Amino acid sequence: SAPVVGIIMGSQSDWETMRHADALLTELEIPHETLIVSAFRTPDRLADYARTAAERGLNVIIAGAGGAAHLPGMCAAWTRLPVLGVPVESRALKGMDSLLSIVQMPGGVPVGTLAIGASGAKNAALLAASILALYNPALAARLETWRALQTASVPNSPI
């Protein structure tokens, strides 16, 4: 019932990308919340969100943003919870700015970074699932089924 994963994104423009994380979590029946939190436009909203995440029962935070993407890193700065980052594809630099802004965190405050775009959003949800599966047998079995179906469903020849 209560969310165990929090999906936060810099803006509505990131939804086209982060919706893939939302869909995957729902598919695996992982209770979660999906919100918009801007590191630069709503810094206090982020501080409060990240600082209280653990208290509220969250276990993993998936954060996505583009350009000078500080959302994942700053979220990790306030929480002890694992933070996964999704580099959203930017218009000009195609997410290279997003990627470097998120993955290059100095030692001390980590952000598990996924691929640029939709693939990254989907994988952040799967990585969050693999983390929760460590202490949730039922979910672990559903994740096994998901991975097994992925593998079995790959065609043998192109159409």
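Each residue number is its position in the shown sequence, starting from 1.
Looking only at CA atoms, which has the higher mean B factor in the entry: 100 to 108 or 52 to 60?
It is 52 to 60.
Within-chain third of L149 by Cα B-factor, per the entry:
Within its chain, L149 is a middle-third residue by C-alpha B-factor, going by the deposited values.
Ranked against its chain, the third holding the CA B-factor of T34
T34: CA B-factor falls in the highest third of its chain.
Taking only the Cα B-factors deposited for this chain, tell me whether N123 sits in the lowest, middle or highest third.
According to the entry, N123 has a C-alpha B-factor in the chain's lowest third.
Mind checking which third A138 falls in for C-alpha B-factor across the chain?
Its C-alpha B-factor belongs to the highest third of this chain's values.
Can you tell me which third, lowest, middle or highest, the CA B-factor of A65 falls into for its chain?
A65: CA B-factor falls in the lowest third of its chain.
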